$ cat protein_29.csv   # CSV, C-alpha atoms
chain,number,residue,atom,x,y,z
A,1,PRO,CA,4.6,17.1,28.4
A,2,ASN,CA,1.9,14.8,26.9
A,3,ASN,CA,1.1,15.0,23.2
A,4,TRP,CA,1.5,12.6,20.2
A,5,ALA,CA,2.1,12.5,16.5
A,6,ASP,CA,-1.7,12.5,16.2
A,7,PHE,CA,-3.6,10.0,14.2
A,8,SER,CA,-7.4,9.4,14.4
A,9,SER,CA,-9.7,6.4,13.7
A,10,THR,CA,-12.7,8.8,13.3
A,11,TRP,CA,-12.6,12.5,12.6
A,12,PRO,CA,-11.6,14.6,10.7
B,1,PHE,CA,-10.5,-3.3,17.4
B,2,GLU,CA,-9.7,-1.5,14.1
B,3,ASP,CA,-7.4,-3.1,11.5
B,4,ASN,CA,-6.8,-0.8,8.6
B,5,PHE,CA,-4.2,-2.7,6.5
B,6,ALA,CA,-6.5,-2.9,3.4
B,7,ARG,CA,-7.1,0.9,3.6
B,8,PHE,CA,-3.5,1.7,2.6
B,9,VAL,CA,-3.3,0.8,-1.1
B,10,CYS,CA,-3.6,4.4,-2.2
B,11,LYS,CA,-2.3,6.3,0.9
B,12,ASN,CA,0.9,6.1,3.0
B,13,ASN,CA,-0.2,7.4,6.5
B,14,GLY,CA,-2.9,6.9,9.0
B,15,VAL,CA,-4.0,4.6,11.9
B,16,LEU,CA,-3.0,1.0,11.1
B,17,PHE,CA,-4.5,-0.6,14.2
B,18,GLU,CA,-6.4,0.6,17.3
B,19,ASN,CA,-8.1,-1.1,20.2
B,20,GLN,CA,-8.9,0.1,23.8
B,21,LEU,CA,-5.3,-0.1,25.0
B,22,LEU,CA,-3.1,0.7,22.0
B,23,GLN,CA,-3.0,2.9,18.9
B,24,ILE,CA,-0.6,1.9,16.1
B,25,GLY,CA,-0.2,4.9,13.8
B,26,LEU,CA,1.9,4.8,10.7
B,27,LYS,CA,3.7,7.2,8.3
B,28,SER,CA,5.6,5.9,5.3
B,29,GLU,CA,7.6,7.1,2.4
B,30,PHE,CA,9.0,5.3,-0.7
B,31,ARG,CA,11.5,6.1,-3.4
B,32,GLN,CA,12.5,3.7,-6.2
B,33,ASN,CA,12.8,0.2,-4.7
B,34,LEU,CA,13.2,1.6,-1.1
B,35,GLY,CA,10.9,2.7,1.7
B,36,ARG,CA,10.8,3.9,5.3
B,37,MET,CA,8.0,3.2,7.6
B,38,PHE,CA,7.5,5.0,11.0
B,39,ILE,CA,5.4,3.0,13.4
B,40,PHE,CA,3.9,4.9,16.4
B,41,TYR,CA,2.9,2.9,19.4
B,42,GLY,CA,0.4,4.9,21.4
B,43,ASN,CA,-0.4,3.9,25.0
B,44,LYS,CA,-4.1,5.0,25.4
B,45,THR,CA,-4.1,3.8,29.1
B,46,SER,CA,-2.8,4.9,32.4
B,47,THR,CA,-0.5,1.9,33.0
B,48,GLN,CA,2.9,1.3,31.3
B,49,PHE,CA,3.3,-1.5,28.8
B,50,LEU,CA,6.2,-3.8,29.6
B,51,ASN,CA,8.4,-6.3,27.7
B,52,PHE,CA,6.9,-4.6,24.6
B,53,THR,CA,8.6,-6.6,21.8
B,54,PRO,CA,7.4,-6.0,18.2
B,55,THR,CA,8.4,-8.8,15.8
B,56,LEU,CA,8.3,-8.5,12.0
B,57,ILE,CA,7.2,-11.8,10.3
B,58,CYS,CA,7.6,-12.4,6.6
B,59,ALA,CA,6.0,-15.5,5.1
B,60,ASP,CA,7.9,-18.1,3.1
B,61,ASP,CA,8.7,-16.5,-0.4
B,62,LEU,CA,8.4,-13.0,0.9
B,63,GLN,CA,11.8,-12.9,2.7
B,64,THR,CA,13.7,-13.3,-0.5
B,65,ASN,CA,11.7,-10.6,-2.2
B,66,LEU,CA,11.4,-8.0,0.4
B,67,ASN,CA,14.1,-6.9,2.9
B,68,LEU,CA,13.2,-5.2,6.2
B,69,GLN,CA,15.6,-3.7,8.7
B,70,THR,CA,14.7,-2.2,12.1
B,71,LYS,CA,16.2,-1.3,15.5
B,72,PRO,CA,15.1,-2.6,18.9
B,73,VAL,CA,12.5,-0.4,20.6
B,74,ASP,CA,11.6,0.6,24.2
B,75,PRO,CA,10.8,-2.5,26.2
B,76,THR,CA,8.7,-0.2,28.4
B,77,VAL,CA,6.0,2.2,27.2
B,78,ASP,CA,4.8,4.6,29.9
B,79,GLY,CA,1.0,5.2,30.2
B,80,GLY,CA,-0.2,7.9,27.8
B,81,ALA,CA,3.2,7.8,25.9
B,82,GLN,CA,3.9,7.2,22.2
B,83,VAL,CA,7.0,5.3,21.1
B,84,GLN,CA,8.5,5.2,17.6
B,85,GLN,CA,10.0,2.3,15.5
B,86,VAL,CA,11.5,2.8,12.1
B,87,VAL,CA,11.5,0.1,9.5
B,88,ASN,CA,13.8,0.3,6.4
B,89,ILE,CA,12.4,-1.5,3.5
B,90,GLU,CA,14.0,-2.7,0.3
B,91,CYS,CA,12.1,-4.4,-2.6
B,92,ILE,CA,14.4,-7.1,-4.0
B,93,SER,CA,11.8,-8.4,-6.4
B,94,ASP,CA,8.0,-8.4,-6.9
B,95,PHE,CA,5.9,-10.0,-4.1
B,96,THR,CA,2.3,-10.6,-3.1
B,97,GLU,CA,2.3,-11.3,0.6
B,98,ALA,CA,2.5,-8.6,3.3
B,99,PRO,CA,4.8,-8.7,6.3
B,100,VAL,CA,3.2,-9.2,9.7
B,101,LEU,CA,3.9,-7.0,12.7
B,102,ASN,CA,3.4,-8.9,15.9
B,103,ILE,CA,3.3,-7.1,19.2
B,104,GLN,CA,3.5,-8.8,22.6
B,105,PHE,CA,3.5,-7.0,26.0
B,106,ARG,CA,2.7,-7.3,29.6
B,107,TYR,CA,0.0,-4.9,31.0
B,108,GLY,CA,-1.0,-4.8,34.6
B,109,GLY,CA,-0.3,-8.5,34.9
B,110,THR,CA,-2.2,-9.4,31.7
B,111,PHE,CA,-0.5,-10.7,28.6
B,112,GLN,CA,-1.3,-8.7,25.4
B,113,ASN,CA,-0.7,-10.1,21.9
B,114,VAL,CA,-1.6,-8.2,18.7
B,115,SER,CA,-0.9,-8.9,15.0
B,116,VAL,CA,-1.6,-6.7,11.9
B,117,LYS,CA,-0.2,-6.8,8.4
B,118,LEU,CA,2.0,-3.9,7.4
B,119,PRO,CA,0.9,-1.9,4.4
B,120,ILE,CA,3.8,-2.8,2.2
B,121,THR,CA,2.3,-3.8,-1.2
B,122,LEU,CA,3.9,-3.9,-4.6
B,123,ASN,CA,2.6,-0.5,-5.7
B,124,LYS,CA,4.6,1.2,-3.0
B,125,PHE,CA,7.5,0.7,-5.3
B,126,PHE,CA,5.4,2.2,-8.2
B,127,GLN,CA,6.5,5.5,-9.5
B,128,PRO,CA,4.6,7.7,-12.0
B,129,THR,CA,5.9,8.3,-15.5
B,130,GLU,CA,4.4,11.0,-17.8
B,131,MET,CA,4.5,10.4,-21.5
B,132,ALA,CA,2.9,11.7,-24.7
B,133,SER,CA,0.2,9.6,-26.3
B,134,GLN,CA,2.1,8.3,-29.3
B,135,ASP,CA,4.8,7.0,-26.9
B,136,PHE,CA,2.1,5.5,-24.7
B,137,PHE,CA,0.7,3.6,-27.7
B,138,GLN,CA,4.1,2.3,-28.9
B,139,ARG,CA,4.7,1.1,-25.4
B,140,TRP,CA,1.3,-0.5,-25.1
B,141,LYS,CA,1.7,-2.4,-28.4
B,142,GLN,CA,5.2,-3.5,-27.3
B,143,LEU,CA,3.4,-5.4,-24.5
B,144,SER,CA,1.5,-7.6,-26.9
B,145,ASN,CA,2.3,-11.0,-25.3
B,146,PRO,CA,-0.8,-12.5,-23.7
B,147,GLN,CA,1.1,-13.2,-20.5
B,148,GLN,CA,1.7,-9.5,-20.1
B,149,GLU,CA,-1.9,-8.4,-19.9
B,150,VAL,CA,-4.3,-8.9,-17.0
B,151,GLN,CA,-7.8,-7.6,-17.4
B,152,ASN,CA,-10.6,-7.5,-14.8
B,153,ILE,CA,-14.2,-6.6,-15.3
B,154,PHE,CA,-15.9,-5.8,-12.0
B,155,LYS,CA,-18.8,-4.0,-10.2
B,156,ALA,CA,-17.9,-0.7,-8.5
B,157,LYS,CA,-17.8,-0.8,-4.7
B,158,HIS,CA,-17.8,3.0,-4.6
B,159,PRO,CA,-19.6,5.9,-6.3
B,160,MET,CA,-18.6,6.4,-10.0
B,161,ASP,CA,-16.8,9.6,-9.0
B,162,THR,CA,-14.4,11.0,-11.6
B,163,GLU,CA,-12.2,13.2,-9.2
B,164,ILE,CA,-12.0,10.4,-6.6
B,165,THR,CA,-11.0,7.9,-9.2
B,166,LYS,CA,-8.2,10.2,-10.5
B,167,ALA,CA,-6.9,10.6,-6.9
B,168,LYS,CA,-6.9,6.8,-6.4
B,169,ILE,CA,-4.9,6.2,-9.6
B,170,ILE,CA,-2.4,8.9,-8.5
B,171,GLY,CA,-2.2,7.6,-4.8
B,172,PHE,CA,-1.7,4.1,-6.2
B,173,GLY,CA,1.7,5.4,-7.7
B,174,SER,CA,0.7,5.7,-11.4
B,175,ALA,CA,0.9,8.8,-13.6
B,176,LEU,CA,-2.5,9.9,-14.8
B,177,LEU,CA,-2.2,10.5,-18.6
B,178,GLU,CA,-4.8,13.0,-20.1
B,179,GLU,CA,-5.7,12.9,-23.8
B,180,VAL,CA,-4.2,9.5,-24.5
B,181,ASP,CA,-7.4,7.6,-24.6
B,182,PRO,CA,-9.5,9.5,-27.1
B,183,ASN,CA,-12.5,8.6,-24.9
B,184,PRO,CA,-12.4,11.4,-22.3
B,185,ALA,CA,-14.4,9.1,-19.9
B,186,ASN,CA,-11.5,6.6,-19.6
B,187,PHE,CA,-8.4,6.8,-17.4
B,188,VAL,CA,-4.9,5.9,-18.6
B,189,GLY,CA,-1.9,5.5,-16.3
B,190,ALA,CA,1.8,4.7,-16.5
B,191,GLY,CA,4.7,4.1,-14.1
B,192,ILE,CA,7.6,1.9,-13.2
B,193,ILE,CA,7.9,-0.8,-10.5
B,194,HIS,CA,11.4,-0.4,-9.0
B,195,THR,CA,13.1,-3.6,-7.9
B,196,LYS,CA,16.8,-4.3,-7.1
B,197,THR,CA,17.7,-5.6,-10.6
B,198,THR,CA,15.1,-4.2,-12.8
B,199,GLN,CA,12.6,-1.5,-13.5
B,200,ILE,CA,9.3,-2.9,-14.8
B,201,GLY,CA,7.3,-0.6,-17.0
B,202,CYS,CA,3.6,-0.8,-16.1
B,203,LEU,CA,0.7,0.7,-18.2
B,204,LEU,CA,-3.0,0.6,-17.3
B,205,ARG,CA,-6.4,1.5,-18.7
B,206,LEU,CA,-9.6,2.0,-16.6
B,207,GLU,CA,-12.9,2.1,-18.4
B,208,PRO,CA,-16.0,3.1,-16.4
B,209,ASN,CA,-19.5,2.2,-17.4
B,210,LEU,CA,-21.5,4.8,-15.6
B,211,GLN,CA,-25.0,3.4,-16.3
B,212,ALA,CA,-24.0,-0.2,-15.2
B,213,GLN,CA,-21.7,0.9,-12.4
B,214,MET,CA,-19.0,-1.5,-13.8
B,215,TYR,CA,-15.4,-1.0,-14.6
B,216,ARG,CA,-13.0,-2.7,-17.0
B,217,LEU,CA,-9.3,-2.4,-15.8
B,218,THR,CA,-6.5,-3.6,-17.9
B,219,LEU,CA,-2.8,-3.7,-16.8
B,220,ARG,CA,0.0,-4.4,-19.2
B,221,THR,CA,3.5,-5.0,-17.8
B,222,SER,CA,6.6,-7.0,-18.9
B,223,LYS,CA,6.2,-9.5,-16.0
B,224,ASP,CA,3.0,-11.6,-15.6
B,225,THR,CA,3.2,-11.7,-11.8
B,226,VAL,CA,3.4,-7.9,-11.6
B,227,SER,CA,0.5,-7.4,-14.0
B,228,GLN,CA,-1.6,-9.8,-11.9
B,229,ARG,CA,-0.7,-8.3,-8.4
B,230,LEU,CA,-1.1,-4.7,-9.6
B,231,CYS,CA,-4.4,-5.5,-11.2
B,232,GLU,CA,-5.8,-7.2,-8.1
B,233,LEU,CA,-4.6,-4.4,-5.8
B,234,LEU,CA,-6.0,-1.6,-8.1
B,235,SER,CA,-9.3,-3.4,-8.8
B,236,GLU,CA,-10.1,-3.4,-5.1
B,237,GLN,CA,-10.1,0.4,-4.9
B,238,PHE,CA,-13.1,1.3,-7.1

$ encode --input "protein_29.csv" --output "structure tokens"
Amino acid sequence: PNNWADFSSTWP
Amino acid sequence: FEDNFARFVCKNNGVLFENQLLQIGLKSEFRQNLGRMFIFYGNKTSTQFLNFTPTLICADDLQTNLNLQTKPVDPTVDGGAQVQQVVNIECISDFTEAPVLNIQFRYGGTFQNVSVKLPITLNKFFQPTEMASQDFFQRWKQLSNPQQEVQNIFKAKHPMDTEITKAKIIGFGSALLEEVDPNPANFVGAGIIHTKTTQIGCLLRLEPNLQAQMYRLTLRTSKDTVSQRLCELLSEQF
């Protein structure tokens, strides 16, 4: 267990 | 912190807000006068958030124009966890203001309080409509009342980049109509704003001046307040 619907403020 | 509300005019998904403690990601979808917005509260720390209570705030006029429905969420957000909230949205009529998402929580004994505007703008209810050029021109001439046209002449904020400009018009919710303006340099769009009681036809023309780095944007719609709001949202993207 751990991970997120992932978004990023940087990269890309 | 990062507040990205103004970066959602022409896209539906991304990071809305981020600071050291919390990431607020967002995905959204719209159809006719309705939308759904998925808010993702990410705990970037090792300590759980407590009494986490997101509150939606809609300024004076806005509540009669825009209806938002949501469920209660987790009061407790474990460290490193991501929690989801769904907001159901209904446009009752055109509006200018954006709802505010307010987030309060306890964190290791410290009181945290965050506010950010939700990217619900009038063009989220804007759907593209293809049409042939003669139809476009009949429609444009039908909107001949001075109240229906809002025009803005402005200096570009971004490179005069044809393919990016096309994608902005499309991400805005407009159709991009080719071979309507006989000047191939210009951009023409058309779509419909969906509200509870009416569809508002909206037409637009964007005229670049490459050498001056200027644009002229013109928006014709049957409702003055829609022409104004769409023009100010769209002007800000180029």

$ closest_atom_pairs --input "protein_29.csv" --of "chain B" --to "chain A" --cutoff "12 Å" --atoms "all atoms listed in the file" --output "JSON lines"
{"residue": "B:1", "atom": "CA", "partner": "A:9", "partner_atom": "CA", "distance": 10.4}
{"residue": "B:2", "atom": "CA", "partner": "A:9", "partner_atom": "CA", "distance": 7.9}
{"residue": "B:3", "atom": "CA", "partner": "A:9", "partner_atom": "CA", "distance": 10.0}
{"residue": "B:4", "atom": "CA", "partner": "A:9", "partner_atom": "CA", "distance": 9.3}
{"residue": "B:7", "atom": "CA", "partner": "A:9", "partner_atom": "CA", "distance": 11.8}
{"residue": "B:13", "atom": "CA", "partner": "A:7", "partner_atom": "CA", "distance": 8.8}
{"residue": "B:14", "atom": "CA", "partner": "A:7", "partner_atom": "CA", "distance": 6.1}
{"residue": "B:15", "atom": "CA", "partner": "A:7", "partner_atom": "CA", "distance": 5.9}
{"residue": "B:16", "atom": "CA", "partner": "A:9", "partner_atom": "CA", "distance": 9.0}
{"residue": "B:17", "atom": "CA", "partner": "A:9", "partner_atom": "CA", "distance": 8.7}
{"residue": "B:18", "atom": "CA", "partner": "A:9", "partner_atom": "CA", "distance": 7.6}
{"residue": "B:19", "atom": "CA", "partner": "A:9", "partner_atom": "CA", "distance": 10.1}
{"residue": "B:20", "atom": "CA", "partner": "A:9", "partner_atom": "CA", "distance": 11.9}
{"residue": "B:23", "atom": "CA", "partner": "A:7", "partner_atom": "CA", "distance": 8.5}
{"residue": "B:24", "atom": "CA", "partner": "A:7", "partner_atom": "CA", "distance": 8.8}
{"residue": "B:25", "atom": "CA", "partner": "A:7", "partner_atom": "CA", "distance": 6.1}
{"residue": "B:26", "atom": "CA", "partner": "A:7", "partner_atom": "CA", "distance": 8.3}
{"residue": "B:27", "atom": "CA", "partner": "A:7", "partner_atom": "CA", "distance": 9.8}
{"residue": "B:38", "atom": "CA", "partner": "A:5", "partner_atom": "CA", "distance": 10.8}
{"residue": "B:39", "atom": "CA", "partner": "A:5", "partner_atom": "CA", "distance": 10.5}
{"residue": "B:40", "atom": "CA", "partner": "A:5", "partner_atom": "CA", "distance": 7.8}
{"residue": "B:41", "atom": "CA", "partner": "A:4", "partner_atom": "CA", "distance": 9.8}
{"residue": "B:42", "atom": "CA", "partner": "A:4", "partner_atom": "CA", "distance": 7.9}
{"residue": "B:43", "atom": "CA", "partner": "A:4", "partner_atom": "CA", "distance": 10.1}
{"residue": "B:44", "atom": "CA", "partner": "A:4", "partner_atom": "CA", "distance": 10.8}
{"residue": "B:78", "atom": "CA", "partner": "A:2", "partner_atom": "CA", "distance": 11.0}
{"residue": "B:79", "atom": "CA", "partner": "A:2", "partner_atom": "CA", "distance": 10.2}
{"residue": "B:80", "atom": "CA", "partner": "A:2", "partner_atom": "CA", "distance": 7.3}
{"residue": "B:81", "atom": "CA", "partner": "A:2", "partner_atom": "CA", "distance": 7.2}
{"residue": "B:82", "atom": "CA", "partner": "A:4", "partner_atom": "CA", "distance": 6.2}
{"residue": "B:83", "atom": "CA", "partner": "A:4", "partner_atom": "CA", "distance": 9.2}
{"residue": "B:84", "atom": "CA", "partner": "A:5", "partner_atom": "CA", "distance": 9.8}

$ residues_near_point --input "protein_29.csv" --point "(11.5, -3.7, -14.7)" --cutoff "10 Å" --atoms "only C-alpha atoms" --output "PyMOL selection string"
chain B and resi 93-94+192-202+221-223+226

$ atom_distance --input "protein_29.csv" --atom1 "atom CA of residue B:143" --atom2 "atom CA of residue B:163"
28.7 Å

$ closest_residue --input "protein_29.csv" --among "B:112, B:85, B:32, B:96" --to "residue B:58" --atoms "only C-alpha atoms"
B:96

$ atom_distance --input "protein_29.csv" --atom1 "atom CA of residue B:177" --atom2 "atom CA of residue B:122"
21.0 Å

$ residues_around --input "protein_29.csv" --residues "residue B:103" --least-positions-apart "3" --cutoff "8 Å" --atoms "only C-alpha atoms" --output "list in words"
residues 52, 53, 54, 55, 112, 113, 114 and 115 of chain B

$ residues_around --input "protein_29.csv" --residues "stretch 150-162 of chain B" --least-positions-apart "5" --cutoff "7 Å" --atoms "all atoms listed in the file" --output "list in words"
residues 210, 213, 214, 215, 216, 217, 218, 219, 220, 227, 228, 231 and 238 of chain B

$ closest_residue --input "protein_29.csv" --among "B:76, B:28, B:121, B:138" --to "residue B:105" --atoms "all atoms listed in the file"
B:76

$ residues_around --input "protein_29.csv" --residues "residue B:116" --least-positions-apart "6" --cutoff "7 Å" --atoms "only C-alpha atoms" --output "list in words"
residues 3, 100, 101 and 102 of chain B

$ atom_distance --input "protein_29.csv" --atom1 "atom CA of residue B:183" --atom2 "atom CA of residue B:224"
27.1 Å

$ residues_around --input "protein_29.csv" --residues "residue B:11" --least-positions-apart "6" --cutoff "9 Å" --atoms "all atoms listed in the file" --output "PyMOL selection string"
chain B and resi 168+171-172

$ residues_around --input "protein_29.csv" --residues "residue B:66" --least-positions-apart "5" --cutoff "9 Å" --atoms "only C-alpha atoms" --output "mmCIF file with C-alpha atoms, in the coordinates of the input"
data_model
loop_
_atom_site.group_PDB
_atom_site.id
_atom_site.type_symbol
_atom_site.label_atom_id
_atom_site.label_comp_id
_atom_site.auth_asym_id
_atom_site.auth_seq_id
_atom_site.Cartn_x
_atom_site.Cartn_y
_atom_site.Cartn_z
ATOM 1 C CA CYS B 58 7.600 -12.400 6.600
ATOM 2 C CA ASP B 61 8.700 -16.500 -0.400
ATOM 3 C CA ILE B 89 12.400 -1.500 3.500
ATOM 4 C CA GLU B 90 14.000 -2.700 0.300
ATOM 5 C CA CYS B 91 12.100 -4.400 -2.600
ATOM 6 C CA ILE B 92 14.400 -7.100 -4.000
ATOM 7 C CA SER B 93 11.800 -8.400 -6.400
ATOM 8 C CA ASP B 94 8.000 -8.400 -6.900
ATOM 9 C CA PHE B 95 5.900 -10.000 -4.100
ATOM 10 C CA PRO B 99 4.800 -8.700 6.300
#

$ closest_residue --input "protein_29.csv" --among "B:140, B:9, B:146, B:229" --to "residue B:204" --atoms "only C-alpha atoms"
B:140

$ decode --input "protein_29.csv" --residues "stretch 177-196 of chain B" --atoms "N, CA, C and O atoms" --output "PDB file, in the first residue's frame"
ATOM      1  N   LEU B 177     -13.333  26.575 -36.042  1.00  0.00           N
ATOM      2  CA  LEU B 177     -13.943  26.513 -37.388  1.00  0.00           C
ATOM      3  C   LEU B 177     -12.930  26.974 -38.423  1.00  0.00           C
ATOM      4  O   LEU B 177     -12.578  28.171 -38.467  1.00  0.00           O
ATOM      5  N   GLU B 178     -12.499  26.042 -39.265  1.00  0.00           N
ATOM      6  CA  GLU B 178     -11.535  26.321 -40.371  1.00  0.00           C
ATOM      7  C   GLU B 178     -12.205  26.799 -41.639  1.00  0.00           C
ATOM      8  O   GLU B 178     -13.302  26.346 -41.983  1.00  0.00           O
ATOM      9  N   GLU B 179     -11.564  27.730 -42.337  1.00  0.00           N
ATOM     10  CA  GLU B 179     -12.084  28.192 -43.645  1.00  0.00           C
ATOM     11  C   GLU B 179     -13.456  28.898 -43.534  1.00  0.00           C
ATOM     12  O   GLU B 179     -14.278  28.875 -44.466  1.00  0.00           O
ATOM     13  N   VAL B 180     -13.673  29.536 -42.383  1.00  0.00           N
ATOM     14  CA  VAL B 180     -14.791  30.463 -42.212  1.00  0.00           C
ATOM     15  C   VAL B 180     -14.322  31.921 -42.412  1.00  0.00           C
ATOM     16  O   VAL B 180     -14.853  32.649 -43.261  1.00  0.00           O
ATOM     17  N   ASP B 181     -13.295  32.328 -41.669  1.00  0.00           N
ATOM     18  CA  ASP B 181     -12.652  33.614 -41.917  1.00  0.00           C
ATOM     19  C   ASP B 181     -11.771  33.380 -43.146  1.00  0.00           C
ATOM     20  O   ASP B 181     -10.914  32.484 -43.131  1.00  0.00           O
ATOM     21  N   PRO B 182     -11.979  34.178 -44.208  1.00  0.00           N
ATOM     22  CA  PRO B 182     -11.170  33.953 -45.400  1.00  0.00           C
ATOM     23  C   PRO B 182      -9.693  34.320 -45.169  1.00  0.00           C
ATOM     24  O   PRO B 182      -8.843  33.972 -46.000  1.00  0.00           O
ATOM     25  N   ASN B 183      -9.396  35.013 -44.061  1.00  0.00           N
ATOM     26  CA  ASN B 183      -7.999  35.234 -43.656  1.00  0.00           C
ATOM     27  C   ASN B 183      -7.575  33.973 -42.885  1.00  0.00           C
ATOM     28  O   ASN B 183      -8.093  33.707 -41.791  1.00  0.00           O
ATOM     29  N   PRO B 184      -6.641  33.187 -43.453  1.00  0.00           N
ATOM     30  CA  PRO B 184      -6.232  31.932 -42.805  1.00  0.00           C
ATOM     31  C   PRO B 184      -5.490  32.160 -41.475  1.00  0.00           C
ATOM     32  O   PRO B 184      -5.407  31.235 -40.662  1.00  0.00           O
ATOM     33  N   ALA B 185      -4.967  33.371 -41.262  1.00  0.00           N
ATOM     34  CA  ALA B 185      -4.301  33.754 -40.008  1.00  0.00           C
ATOM     35  C   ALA B 185      -5.238  33.822 -38.794  1.00  0.00           C
ATOM     36  O   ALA B 185      -4.771  33.660 -37.689  1.00  0.00           O
ATOM     37  N   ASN B 186      -6.533  34.090 -39.011  1.00  0.00           N
ATOM     38  CA  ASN B 186      -7.480  34.319 -37.917  1.00  0.00           C
ATOM     39  C   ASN B 186      -8.118  33.030 -37.448  1.00  0.00           C
ATOM     40  O   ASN B 186      -8.071  32.008 -38.159  1.00  0.00           O
ATOM     41  N   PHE B 187      -8.722  33.075 -36.259  1.00  0.00           N
ATOM     42  CA  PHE B 187      -9.306  31.889 -35.672  1.00  0.00           C
ATOM     43  C   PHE B 187     -10.759  32.205 -35.459  1.00  0.00           C
ATOM     44  O   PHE B 187     -11.088  33.326 -35.056  1.00  0.00           O
ATOM     45  N   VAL B 188     -11.619  31.231 -35.733  1.00  0.00           N
ATOM     46  CA  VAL B 188     -13.062  31.428 -35.529  1.00  0.00           C
ATOM     47  C   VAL B 188     -13.559  30.264 -34.673  1.00  0.00           C
ATOM     48  O   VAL B 188     -13.191  29.103 -34.892  1.00  0.00           O
ATOM     49  N   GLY B 189     -14.370  30.571 -33.679  1.00  0.00           N
ATOM     50  CA  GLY B 189     -14.943  29.523 -32.862  1.00  0.00           C
ATOM     51  C   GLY B 189     -16.432  29.648 -32.686  1.00  0.00           C
ATOM     52  O   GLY B 189     -17.010  30.733 -32.898  1.00  0.00           O
ATOM     53  N   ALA B 190     -17.064  28.562 -32.262  1.00  0.00           N
ATOM     54  CA  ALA B 190     -18.496  28.583 -31.979  1.00  0.00           C
ATOM     55  C   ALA B 190     -18.827  27.500 -30.955  1.00  0.00           C
ATOM     56  O   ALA B 190     -18.273  26.394 -31.002  1.00  0.00           O
ATOM     57  N   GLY B 191     -19.763  27.799 -30.058  1.00  0.00           N
ATOM     58  CA  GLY B 191     -20.287  26.742 -29.185  1.00  0.00           C
ATOM     59  C   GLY B 191     -21.539  27.227 -28.487  1.00  0.00           C
ATOM     60  O   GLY B 191     -22.097  28.300 -28.825  1.00  0.00           O
ATOM     61  N   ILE B 192     -21.982  26.448 -27.494  1.00  0.00           N
ATOM     62  CA  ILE B 192     -23.208  26.771 -26.753  1.00  0.00           C
ATOM     63  C   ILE B 192     -22.882  26.742 -25.265  1.00  0.00           C
ATOM     64  O   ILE B 192     -22.269  25.760 -24.810  1.00  0.00           O
ATOM     65  N   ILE B 193     -23.338  27.768 -24.537  1.00  0.00           N
ATOM     66  CA  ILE B 193     -23.304  27.745 -23.059  1.00  0.00           C
ATOM     67  C   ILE B 193     -24.580  27.124 -22.590  1.00  0.00           C
ATOM     68  O   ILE B 193     -25.653  27.588 -22.965  1.00  0.00           O
ATOM     69  N   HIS B 194     -24.468  26.031 -21.831  1.00  0.00           N
ATOM     70  CA  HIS B 194     -25.637  25.336 -21.335  1.00  0.00           C
ATOM     71  C   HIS B 194     -25.986  25.835 -19.924  1.00  0.00           C
ATOM     72  O   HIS B 194     -25.118  25.835 -19.009  1.00  0.00           O
ATOM     73  N   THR B 195     -27.232  26.286 -19.761  1.00  0.00           N
ATOM     74  CA  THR B 195     -27.745  26.622 -18.428  1.00  0.00           C
ATOM     75  C   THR B 195     -29.017  25.790 -18.192  1.00  0.00           C
ATOM     76  O   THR B 195     -29.441  25.024 -19.081  1.00  0.00           O
ATOM     77  N   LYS B 196     -29.636  25.928 -17.010  1.00  0.00           N
ATOM     78  CA  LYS B 196     -30.850  25.175 -16.740  1.00  0.00           C
ATOM     79  C   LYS B 196     -32.024  25.495 -17.685  1.00  0.00           C
ATOM     80  O   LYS B 196     -32.831  24.611 -17.999  1.00  0.00           O
TER      81      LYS B 196
END
